[PDB]
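In structure tokens, the next block holds one chain alone, the form deposited in one PDB entry.
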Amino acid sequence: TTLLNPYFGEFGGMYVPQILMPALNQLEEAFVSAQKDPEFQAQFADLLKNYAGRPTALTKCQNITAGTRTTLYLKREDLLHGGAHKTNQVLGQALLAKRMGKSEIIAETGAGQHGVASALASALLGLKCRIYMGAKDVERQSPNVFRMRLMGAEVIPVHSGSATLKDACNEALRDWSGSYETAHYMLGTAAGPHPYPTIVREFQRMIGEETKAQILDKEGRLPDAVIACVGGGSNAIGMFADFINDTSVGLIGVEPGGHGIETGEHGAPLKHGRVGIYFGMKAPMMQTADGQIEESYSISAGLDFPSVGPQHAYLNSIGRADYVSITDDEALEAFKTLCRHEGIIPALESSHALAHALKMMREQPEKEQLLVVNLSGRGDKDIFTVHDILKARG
């Protein structure tokens, strides 16, 4: 039995080896207790404000929307310590770990941004941190790997499987199954077995809470739509969560379309995958017709999680949120456009959200609409990839 519902409609659950059920039951009880605990909320708020730098700004894009009747705001999670929204929830999870008496952190990472957040949280809070990363991702993300190691974390390359994020995810679970008495698994997205989709959401929902209060203050009204990219779902659900009951507010998640949906080389399982059971949850996934899990493809490393949080699949199924995709080329053009016209270098992940907002504005330039895009990270980590693509063309 659980204190909270493990399912969002048909999606979610706790599909783990039996040995891990006590670790999940322990975590859910600590979370429910922490959420009722004023001293926990004050510690969490203190770290977010005084260490991570919240509240983040809500920036109006006026150059971007000129000539249209779109008003565009960016939620600047790129200005968070670490450069991405990941920092919010690792601070909460790291405090959960200490509330459970744990002294070690296990994390998984693909692009390296969750690894870096986990390492900085562990360093701040006195936790020994070990990070699993697919050997191909380690190869390709040596800066983030060096960042993690400077911050005291052990980076462990995972050669098993495809040697990418899903295989690091597997190894992290394997490790936690034997070490959970002393280690806490700091899952990096709003996916996986219950209670992680719930915990991540609650530890990211200040994004949408701040946005609501900031947008009411600046425009006097709620947004027509908030837009965020969807890798595993944490930044999007963090933005969405406080608007879910504001039924006039559109929720739009943007999965990576990669080279295009019809090419098969994409990372859009919510709309173009098939429900499966993997990584502790029942959720849409990238998988073969055989049920072997595949990788997500995207120009942006961060959108590589081959499935999606079960709360998103649920929100889609009841029609509360809409999910679209954006190809590499659309995201790249959005990247360039923001640099040139607002002086903000976005993460190529968040470039997908922006790309969709630009499409909304450009397709219907006389539609009056107030859009908020969640800028999930800064793009300085991506200039090398963008540079190499530009010189491959011209």
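We number the residues from 1 along the sequence you see. Here the rigid core means the biggest group of C-alpha atoms that line up within 1.5 Å when the two forms are laid on top of each other.
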property: Mean C-alpha B-factor comparison - 92-100 and 227-235, higher one; result: 92-100
property: Between the two ranges 75-83 and 173-181, the one averaging a larger CA B factor in the entry; result: 173-181
property: Top Cα B factor in the deposited entry, candidates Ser350, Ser325, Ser33, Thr56; result: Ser33
property: Criterion, highest CA B-factor; candidates, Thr189, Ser118, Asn245, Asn316; result: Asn245
property: Lowest, middle or highest third - CA B-factor, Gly9; result: middle
property: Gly264 CA temperature factor, ranked by third within the chain; result: highest
property: Ranked C-alpha temperature factor of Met281 among modelled chain residues, by third; result: middle
property: Third of the chain's Cα B-factor distribution that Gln214 belongs to, per the entry; result: middle
property: Assigned third (lowest, middle, highest) for the C-alpha B factor of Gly250; result: middle
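FYI, the form deposited in another entry isn't displayed, but the following is about it.
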query	finding
Answer among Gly257, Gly134, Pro269, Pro193 for the CA shift between the shown form and the other one that reaches 2 Å or more, rigid core superposed	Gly134
Large Cα shift (2 Å or above) at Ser317 between the shown form and the other one, core-fitted	no
After fitting the core, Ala225 CA displacement of 2 Å or more between the shown form and the other one	no
Shift of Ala97 between the shown form and the other one at or above 2 Å (CA, core fit)	no
